[PDB]
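Chemist: Please find one structure pasted underneath; my questions will follow.
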Amino acid sequence: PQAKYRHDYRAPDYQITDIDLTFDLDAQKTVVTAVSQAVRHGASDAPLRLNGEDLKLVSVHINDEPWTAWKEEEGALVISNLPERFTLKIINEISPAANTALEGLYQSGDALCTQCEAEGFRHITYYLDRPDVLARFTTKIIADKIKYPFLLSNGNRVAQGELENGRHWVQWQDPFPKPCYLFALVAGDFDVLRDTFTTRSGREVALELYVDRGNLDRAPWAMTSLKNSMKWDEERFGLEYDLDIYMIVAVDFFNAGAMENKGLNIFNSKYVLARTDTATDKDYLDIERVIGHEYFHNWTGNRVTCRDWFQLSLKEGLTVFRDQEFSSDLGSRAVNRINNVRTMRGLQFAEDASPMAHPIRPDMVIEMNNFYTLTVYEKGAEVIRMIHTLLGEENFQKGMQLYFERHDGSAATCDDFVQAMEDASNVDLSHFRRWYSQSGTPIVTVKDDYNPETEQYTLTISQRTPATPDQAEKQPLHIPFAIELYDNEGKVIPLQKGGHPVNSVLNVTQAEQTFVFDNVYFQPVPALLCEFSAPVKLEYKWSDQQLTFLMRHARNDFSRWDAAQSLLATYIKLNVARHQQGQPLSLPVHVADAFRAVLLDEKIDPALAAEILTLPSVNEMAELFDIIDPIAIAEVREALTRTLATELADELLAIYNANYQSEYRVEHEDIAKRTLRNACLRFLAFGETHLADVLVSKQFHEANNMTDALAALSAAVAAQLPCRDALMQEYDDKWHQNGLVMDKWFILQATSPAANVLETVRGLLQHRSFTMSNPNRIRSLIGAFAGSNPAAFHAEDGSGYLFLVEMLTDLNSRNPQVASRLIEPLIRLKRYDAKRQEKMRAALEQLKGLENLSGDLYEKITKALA
Ligand SMILES: N[C@@H](Cc1ccccc1)C(=O)O
Ligand code: NA
Ligand code: NA
Ligand code: NA
Ligand SMILES: [Zn+2]
């Protein structure tokens, strides 16, 4: 497969302004008729190259003339000798039932639906499948009335008819020009939840949410979230919906989360369906996040789109920032900030050290679905947030306004967005642009000094970015470095230099530089990199006492959580080293004291408390080490939980009972008490065994919602409690017919700490509720084993790797996108020890040798083996 380079971008030789599609739908054989008004911009000897994959061409007309001057290669229909303006007509055939990859037009249970981002429209007909070609679509759908009574596409429904032999048709029109990746089609039978939303200027929008028949009782939340998204985008950003109808379809067979198709979002049903006994707080909040996200894409992705795919982060970083803000405005901003920073440090940093490392704007891509990443999405968002941080809300909104004023109705670049922010605000982001071109995690080292003679605090901050596999050259970045100084009473010391205030977000633009603060009337305890003001690793030599001080006194809750993380990090590293020598856990008492103090703080917000009493994931802990010992890490996380459970047993139990809640609400106070309560239950499960077994079994059986029942079920598995097999069996007997709810069960099995976990996982390939035809099922059992049970995936004997290789040999043919997601734990081999590394490389070498090796895996395997 061939690599594409950002620096080869060229405006297309031809444009299409309008396309009229006809679909004669059938799952075995669908006929597509595509009539496209085109224009030649390039030179006359330059042919029209149309992208096309797995299509059966039936005819080619140019202004109704059967055309003889074309050929087919090799993903492409090449048409020669065209005029400056003409009507292209293609008829081709495709086969949805055969589409196991879920790219293009495929079959989701009984329905037919599309997924066209990034390059899936080319699996439907011959087209200029590239997001700098925008056109006005109209879409006619003919089908069997009984099997497909609903026929949907983008925009407004403008015509409809019956035919002989049980067939009907509908025609849709989307008046807004768009790249073909935003095209969508759905056909099938559904229950429909219908409501409306009236925009701040008075436009009444019909809202329609299509779900499998039976599931209307799981739709109101998603509908409520859509309304909330629409309202928030008006309030926060000044943006209103631009169409008369908003459709959302929930489908069970989908590779990602959801797709922002204009006026017709298609959603993985895991981010639509919720009922209090099937779904958790997290589900509810995710449903809110994704509905918001796809909604916010209507401006930051649709009304302004991407000139080319190398610009993905232009809409994803920005649109993620948007879902974060929305979630944060509506809920707890601190809790949101915290989890998003867990994700950055826990997962994204790993990618930015991996062989798949790339800038948020990639320079080279072989298969574009491999670039829907933590880096492009999450770090992308941190980069938007740094722009927010440097500009302030007011100027940020002016940049948004200028972005849209300049680029509405067109396809922009990352640079265009940055130019608009710069131009609207008058802040220079010239150097800041480097965040877009440079990969890897900057490391920021901080060294300080107090001078009591002069009452001055001196900070000497330096930065380096280690070379990455993709880039041998690295330079300093424009790093917004937010600080606060505390005196001995916990009061904030005003920042100043000779007479005048100083903004507390420092501009760290150099390899090394020094900042001097006057009037520091007492040796300060500093809070560094507040609110995670840049996506960097922080090096500063904290004492434990500085950190416990911050946990009591820091003004932002993030800082208090984060200080607790730095307190733990030191002892996680200590105890991994101890595990490696067969010694048991050592933990000074003042650490356990700090956590007792949080459990008993009457005034601390229970949401913050619960995050503090949530130990870093194994994936987070992993980022503390050059070489990862996944077994030591897993065993230490367990030991640390056991120790705290033991020290704090009484406090844990007290806080657990005090936070009991009779009623179940999805409301930020209630979620917070419940999250704290379950954090407590978790430690308790690792305490005294008879009490653990009684508490957990009781909670599972008494629970009136899935959040409480699953926290228990999950503790039973984690702590290997006596009641575990019964509870697991019960859950299965109750929920086996519901795939989404079983995912939770499969994840628990896949992540069990049991000795025979792999063996069970293998057996679960035969489970009634499992199937390899469903990505959600694949992800919850196989993916969760390989990505989320690193102790078992990395067994010394290599069984984890073989298991994955056998699974990937299947999926590479069936569904390369899901395969590529699953391969990721294997391309991290360079982070593990030599013997592990050899086995993993052997596994990658096996997979490289498959016939019909997919481009998706090829890209990762060749990078991982370099
Ligand atoms: N554009 C979708 C994600 C997506 C990409 C590619 C395929 C499927 C889904 C989003 O960001 O929400
Ligand atoms: Na689609
Ligand atoms: Na166009
Ligand atoms: Na809030
Ligand atoms: Zn997105």
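Residues are named by chain letter and number: chains run A, B, ... in the order of the structure tokens, numbers start at 1 in each chain, and ligands are numbered from 1 in the order shown.
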Residues within 6 Å of ligand 2, counting only C-alpha atoms and all ligand atoms: report them as a PyMOL selection string.

Modeler: chain A and resi 114-116+183-184

Chemist: Keeping only N, CA, C and O atoms, take the residues you just selected and write them out as a PDB file, in the first residue's frame.

Modeler:
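Below is the file out.pdb, written as the result:
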ATOM      1  N   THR A 114     -25.128   3.473   6.107  1.00  0.00           N
ATOM      2  CA  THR A 114     -23.825   3.872   5.628  1.00  0.00           C
ATOM      3  C   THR A 114     -22.811   4.332   6.697  1.00  0.00           C
ATOM      4  O   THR A 114     -23.144   4.838   7.743  1.00  0.00           O
ATOM      5  N   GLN A 115     -21.547   4.180   6.384  1.00  0.00           N
ATOM      6  CA  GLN A 115     -20.508   4.922   7.057  1.00  0.00           C
ATOM      7  C   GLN A 115     -19.527   5.339   5.984  1.00  0.00           C
ATOM      8  O   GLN A 115     -18.954   4.453   5.327  1.00  0.00           O
ATOM      9  N   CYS A 116     -19.347   6.654   5.807  1.00  0.00           N
ATOM     10  CA  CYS A 116     -18.578   7.189   4.673  1.00  0.00           C
ATOM     11  C   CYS A 116     -17.314   7.926   5.064  1.00  0.00           C
ATOM     12  O   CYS A 116     -16.475   8.129   4.217  1.00  0.00           O
ATOM     13  N   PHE A 183     -22.114  12.186   3.520  1.00  0.00           N
ATOM     14  CA  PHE A 183     -23.323  11.539   3.001  1.00  0.00           C
ATOM     15  C   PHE A 183     -23.767  10.408   3.898  1.00  0.00           C
ATOM     16  O   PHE A 183     -22.947   9.690   4.425  1.00  0.00           O
ATOM     17  N   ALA A 184     -25.072  10.218   3.994  1.00  0.00           N
ATOM     18  CA  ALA A 184     -25.642   9.113   4.730  1.00  0.00           C
ATOM     19  C   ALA A 184     -26.966   8.584   4.170  1.00  0.00           C
ATOM     20  O   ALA A 184     -27.788   9.336   3.590  1.00  0.00           O
TER      21      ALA A 184
END

Chemist: Give as a PyMOL selection string the residues surrounding ligand 4 up to a distance of 7 Å, considering only C-alpha atoms and all ligand atoms.

Modeler: chain A and resi 328-333

Chemist: Would you save the residues of that selection, restricted to C-alpha atoms, as a PDB file, in the first residue's frame?

Modeler:
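The file below, selection_17.pdb, is the result:
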ATOM      1  CA  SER A 328     -17.959  20.578  31.981  1.00  0.00           C
ATOM      2  CA  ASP A 329     -20.453  23.451  31.809  1.00  0.00           C
ATOM      3  CA  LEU A 330     -23.336  21.110  32.599  1.00  0.00           C
ATOM      4  CA  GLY A 331     -21.621  18.924  35.163  1.00  0.00           C
ATOM      5  CA  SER A 332     -18.540  19.174  37.280  1.00  0.00           C
ATOM      6  CA  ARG A 333     -15.791  21.008  35.430  1.00  0.00           C
TER       7      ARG A 333
END

Chemist: Please identify every polymer residue within 10 Å of ligand 3, using only C-alpha atoms and all ligand atoms, and present the set as a PDB file with C-alpha atoms, in the first residue's frame.

Modeler:
ATOM      1  CA  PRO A  12      -8.300  18.919  -7.576  1.00  0.00           C
ATOM      2  CA  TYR A  14     -11.957  18.726 -11.452  1.00  0.00           C
ATOM      3  CA  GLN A  15     -14.820  19.873  -9.263  1.00  0.00           C
ATOM      4  CA  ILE A  16     -18.358  18.509  -8.819  1.00  0.00           C
ATOM      5  CA  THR A  17     -20.960  21.010  -7.812  1.00  0.00           C
ATOM      6  CA  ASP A  18     -24.113  18.830  -7.635  1.00  0.00           C
ATOM      7  CA  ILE A  19     -24.849  15.094  -7.528  1.00  0.00           C
ATOM      8  CA  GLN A  37     -22.426  18.077 -12.590  1.00  0.00           C
ATOM      9  CA  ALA A  38     -18.709  18.605 -12.978  1.00  0.00           C
ATOM     10  CA  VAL A  39     -16.241  21.285 -14.015  1.00  0.00           C
ATOM     11  CA  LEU A 128     -13.994  12.421  -6.050  1.00  0.00           C
ATOM     12  CA  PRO A 131     -13.201  16.429   1.408  1.00  0.00           C
ATOM     13  CA  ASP A 132     -12.186  19.474  -0.650  1.00  0.00           C
ATOM     14  CA  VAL A 133     -14.901  18.541  -3.176  1.00  0.00           C
ATOM     15  CA  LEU A 134     -18.219  19.957  -1.906  1.00  0.00           C
ATOM     16  CA  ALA A 135     -21.494  19.411  -3.758  1.00  0.00           C
ATOM     17  CA  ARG A 136     -25.250  19.658  -3.244  1.00  0.00           C
ATOM     18  CA  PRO A 177     -22.777  21.679  -0.078  1.00  0.00           C
ATOM     19  CA  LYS A 178     -20.773  18.979   1.392  1.00  0.00           C
ATOM     20  CA  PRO A 179     -17.918  16.554   1.026  1.00  0.00           C
ATOM     21  CA  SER A 410     -15.757  25.752   2.547  1.00  0.00           C
TER      22      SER A 410
END

Chemist: Could you list, as a VMD selection string, all residues that come within 8 Å of ligand 5? Count only C-alpha atoms and all ligand atoms.

Modeler: chain A and resid 259 to 260 293 to 294 297 301 315 to 316 319 to 320 377

Chemist: Of the candidates A:318, A:186, A:758, A:27, which shows the shortest atom-to-atom distance to ligand 1, using only C-alpha atoms and all ligand atoms?

Modeler: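 Looking at the shortest contact to ligand 1, the residue is A:318.
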
Chemist: Fewer than 4 positions away in the same chain doesn't count, so skip those; otherwise give me all residues within 10 Å of residue 755 (chain A), counting only C-alpha atoms, as a VMD selection string.

Modeler: chain A and resid 759 to 760 792

Chemist: Choose the residue, out of A:185, A:279, A:672, A:62, that has the smallest atom-to-atom separation from residue 660 (chain A); count only C-alpha atoms.

Modeler: A:672

Chemist: Return as an MDAnalysis selection string the full set of residues in region 413-632 of chain A whose backbone-based DSSP assignment is helix (DSSP H, G or I).

Modeler: chainID A and resid 414:425 434:437 544:553 557:580 589:600 606:612 618:622 630:632

Chemist: Excluding region 270-276 of chain A and residues on its chain fewer than 3 positions from it, collect all residues at most 6 Å away from it, counting only C-alpha atoms, and give them as a ChimeraX atom specification.

Modeler: /A:218-219,222,279,287,705

Chemist: Show which residues sit within 12 Å of residue 532 (chain A), as number ranges by chain. Count only C-alpha atoms, and ignore same-chain residues fewer than 2 positions away.

Modeler: A: 334, 337-342, 344-345, 379, 382-383, 385-386, 389, 479-483, 505, 527-530, 534-538, 556-559, 561-563

Chemist: Residues within 12 Å of residue 774 (chain A), please, as a list in words. Count only C-alpha atoms; anything in the same chain fewer than 3 positions from it doesn't count.

Modeler: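 Those residues are residues 100, 101, 102, 107, 108, 109, 251, 252, 253, 254, 255, 256, 268, 739, 740, 743, 769, 770, 771, 777, 778, 779, 780, 781, 782, 811, 814, 815 and 818 of chain A.
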
Chemist: I need the chosen residues saved as a PDB file, in the first residue's frame, with N, CA and C atoms.

Modeler:
ATOM      1  N   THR A 100     -18.628  -6.851   5.317  1.00  0.00           N
ATOM      2  CA  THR A 100     -18.381  -7.150   6.699  1.00  0.00           C
ATOM      3  C   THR A 100     -17.516  -6.087   7.337  1.00  0.00           C
ATOM      4  N   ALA A 101     -16.822  -5.301   6.534  1.00  0.00           N
ATOM      5  CA  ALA A 101     -15.942  -4.262   7.025  1.00  0.00           C
ATOM      6  C   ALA A 101     -16.686  -3.046   7.596  1.00  0.00           C
ATOM      7  N   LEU A 102     -17.957  -2.907   7.269  1.00  0.00           N
ATOM      8  CA  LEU A 102     -18.804  -1.805   7.799  1.00  0.00           C
ATOM      9  C   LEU A 102     -18.310  -0.425   7.349  1.00  0.00           C
ATOM     10  N   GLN A 107     -25.026  -3.724   6.267  1.00  0.00           N
ATOM     11  CA  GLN A 107     -26.215  -4.280   6.829  1.00  0.00           C
ATOM     12  C   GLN A 107     -25.994  -4.291   8.326  1.00  0.00           C
ATOM     13  N   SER A 108     -26.909  -3.639   9.046  1.00  0.00           N
ATOM     14  CA  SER A 108     -26.883  -3.631  10.504  1.00  0.00           C
ATOM     15  C   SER A 108     -28.131  -4.317  10.998  1.00  0.00           C
ATOM     16  N   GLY A 109     -27.973  -5.584  11.413  1.00  0.00           N
ATOM     17  CA  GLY A 109     -29.133  -6.442  11.695  1.00  0.00           C
ATOM     18  C   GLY A 109     -30.034  -6.476  10.447  1.00  0.00           C
ATOM     19  N   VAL A 251     -27.745   2.243  15.546  1.00  0.00           N
ATOM     20  CA  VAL A 251     -27.517   0.956  14.921  1.00  0.00           C
ATOM     21  C   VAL A 251     -26.536   0.147  15.765  1.00  0.00           C
ATOM     22  N   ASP A 252     -26.676  -1.167  15.712  1.00  0.00           N
ATOM     23  CA  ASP A 252     -25.895  -2.029  16.581  1.00  0.00           C
ATOM     24  C   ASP A 252     -24.565  -2.397  15.987  1.00  0.00           C
ATOM     25  N   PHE A 253     -24.443  -2.335  14.674  1.00  0.00           N
ATOM     26  CA  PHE A 253     -23.237  -2.735  14.000  1.00  0.00           C
ATOM     27  C   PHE A 253     -22.553  -1.476  13.491  1.00  0.00           C
ATOM     28  N   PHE A 254     -21.520  -1.073  14.218  1.00  0.00           N
ATOM     29  CA  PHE A 254     -20.817   0.135  13.873  1.00  0.00           C
ATOM     30  C   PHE A 254     -19.398   0.063  14.443  1.00  0.00           C
ATOM     31  N   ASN A 255     -18.392   0.432  13.649  1.00  0.00           N
ATOM     32  CA  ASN A 255     -16.984   0.391  14.090  1.00  0.00           C
ATOM     33  C   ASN A 255     -16.533   1.435  15.108  1.00  0.00           C
ATOM     34  N   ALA A 256     -17.086   2.638  15.058  1.00  0.00           N
ATOM     35  CA  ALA A 256     -16.705   3.715  15.981  1.00  0.00           C
ATOM     36  C   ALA A 256     -17.871   4.051  16.938  1.00  0.00           C
ATOM     37  N   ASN A 268     -23.587   4.483  16.814  1.00  0.00           N
ATOM     38  CA  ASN A 268     -23.467   3.255  17.577  1.00  0.00           C
ATOM     39  C   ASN A 268     -24.453   3.315  18.720  1.00  0.00           C
ATOM     40  N   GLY A 739     -27.022  -7.491  24.071  1.00  0.00           N
ATOM     41  CA  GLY A 739     -25.601  -7.321  23.731  1.00  0.00           C
ATOM     42  C   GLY A 739     -24.913  -6.183  24.471  1.00  0.00           C
ATOM     43  N   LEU A 740     -25.504  -4.971  24.454  1.00  0.00           N
ATOM     44  CA  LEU A 740     -24.866  -3.802  25.089  1.00  0.00           C
ATOM     45  C   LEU A 740     -24.629  -3.982  26.575  1.00  0.00           C
ATOM     46  N   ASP A 743     -21.789  -6.509  27.133  1.00  0.00           N
ATOM     47  CA  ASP A 743     -20.478  -5.963  26.935  1.00  0.00           C
ATOM     48  C   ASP A 743     -19.838  -5.710  28.272  1.00  0.00           C
ATOM     49  N   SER A 769     -23.986 -14.764  23.675  1.00  0.00           N
ATOM     50  CA  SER A 769     -24.132 -13.311  23.578  1.00  0.00           C
ATOM     51  C   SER A 769     -23.009 -12.645  22.795  1.00  0.00           C
ATOM     52  N   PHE A 770     -21.982 -13.448  22.492  1.00  0.00           N
ATOM     53  CA  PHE A 770     -20.827 -13.088  21.647  1.00  0.00           C
ATOM     54  C   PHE A 770     -20.988 -13.438  20.178  1.00  0.00           C
ATOM     55  N   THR A 771     -20.483 -12.575  19.303  1.00  0.00           N
ATOM     56  CA  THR A 771     -20.276 -12.899  17.900  1.00  0.00           C
ATOM     57  C   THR A 771     -19.150 -12.041  17.278  1.00  0.00           C
ATOM     58  N   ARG A 777     -19.212  -6.279  20.535  1.00  0.00           N
ATOM     59  CA  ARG A 777     -18.864  -7.584  21.121  1.00  0.00           C
ATOM     60  C   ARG A 777     -17.326  -7.925  21.038  1.00  0.00           C
ATOM     61  N   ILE A 778     -16.733  -7.766  19.864  1.00  0.00           N
ATOM     62  CA  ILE A 778     -15.300  -7.955  19.704  1.00  0.00           C
ATOM     63  C   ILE A 778     -14.479  -7.093  20.671  1.00  0.00           C
ATOM     64  N   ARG A 779     -14.812  -5.810  20.722  1.00  0.00           N
ATOM     65  CA  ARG A 779     -14.134  -4.823  21.572  1.00  0.00           C
ATOM     66  C   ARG A 779     -14.253  -5.135  23.057  1.00  0.00           C
ATOM     67  N   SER A 780     -15.381  -5.681  23.465  1.00  0.00           N
ATOM     68  CA  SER A 780     -15.642  -5.901  24.903  1.00  0.00           C
ATOM     69  C   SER A 780     -15.016  -7.145  25.473  1.00  0.00           C
ATOM     70  N   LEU A 781     -14.682  -8.087  24.589  1.00  0.00           N
ATOM     71  CA  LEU A 781     -14.112  -9.336  25.052  1.00  0.00           C
ATOM     72  C   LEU A 781     -12.657  -9.386  24.660  1.00  0.00           C
ATOM     73  N   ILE A 782     -12.365  -9.319  23.361  1.00  0.00           N
ATOM     74  CA  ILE A 782     -10.993  -9.449  22.881  1.00  0.00           C
ATOM     75  C   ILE A 782     -10.198  -8.186  23.147  1.00  0.00           C
ATOM     76  N   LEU A 811      -9.822 -11.072  11.796  1.00  0.00           N
ATOM     77  CA  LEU A 811     -10.396  -9.731  11.604  1.00  0.00           C
ATOM     78  C   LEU A 811      -9.788  -8.922  10.478  1.00  0.00           C
ATOM     79  N   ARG A 814     -12.081  -9.849   7.795  1.00  0.00           N
ATOM     80  CA  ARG A 814     -13.468  -9.481   8.109  1.00  0.00           C
ATOM     81  C   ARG A 814     -13.715  -7.976   8.249  1.00  0.00           C
ATOM     82  N   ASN A 815     -12.851  -7.302   9.003  1.00  0.00           N
ATOM     83  CA  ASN A 815     -13.068  -5.947   9.457  1.00  0.00           C
ATOM     84  C   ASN A 815     -11.747  -5.289   9.891  1.00  0.00           C
ATOM     85  N   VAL A 818     -11.576  -2.701  12.873  1.00  0.00           N
ATOM     86  CA  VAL A 818     -11.610  -3.231  14.221  1.00  0.00           C
ATOM     87  C   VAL A 818     -10.286  -3.916  14.541  1.00  0.00           C
TER      88      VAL A 818
END
